[PDB]
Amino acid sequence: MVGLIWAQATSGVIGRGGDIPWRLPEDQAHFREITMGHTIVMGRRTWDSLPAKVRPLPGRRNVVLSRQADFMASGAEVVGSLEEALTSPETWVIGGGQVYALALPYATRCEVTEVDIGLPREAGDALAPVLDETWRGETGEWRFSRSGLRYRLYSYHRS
């Protein structure tokens, strides 16, 4: 099982400036719940976006994608290709825009949090992967985040 998990603005933006222009604790909690115990696969940019206190995400197998054969990520695996990271039974691809696109051929689950923020796409923004017609998905109800923003989860599924 290879799944993808991300939050996005309505416009499709998922990152900007190497970080994320929002923070919803309710999605962090949901993120932790869905990934806990399993493999988490990230690109080197996303690993760098992670504070050193938080790194590696506890209780999970942290794997970094990087083309530098000597890149050190203390507490995680650094692999040169994505097939290396798919040896565990449940693997979740946690970003960013590059690795989401790499993993999409392997994926049958997309947990998408949609953040009600009007975030027009600027150059250099990272983006959610386009989901074609092979993906079926249940659209959740709008919820209120204590950060002021509304959000809703999409759960996309394919065979």
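Numbers follow the displayed sequence, beginning with 1. So that the term is clear: the rigid core is the largest set of C-alpha atoms that superpose within 1.5 Å between two forms.
Structural divergence in 4 other deposited structures of this protein between 87 to 95 and 37 to 45: following superposition by the core, 87 to 95 has C-alpha atoms lying farther from the shown form.
Set 130 to 138 against 112 to 120 and average the Cα temperature factors; 130 to 138 ends up higher. Higher mean CA B-factor, judged across 80 to 88 and 67 to 75 from the recorded values: 80 to 88.
Residue 16: CA B factor lies in the lowest third for its chain, per the PDB record. The deposited CA B-factor of residue 53 belongs to the highest third of values across its chain. In the deposited entry, the Cα temperature factor of residue 151 sits in the middle third of values across the chain's modelled residues. In this PDB entry, the Cα temperature factor of residue 2 sits in the middle third of its chain's modelled residues.
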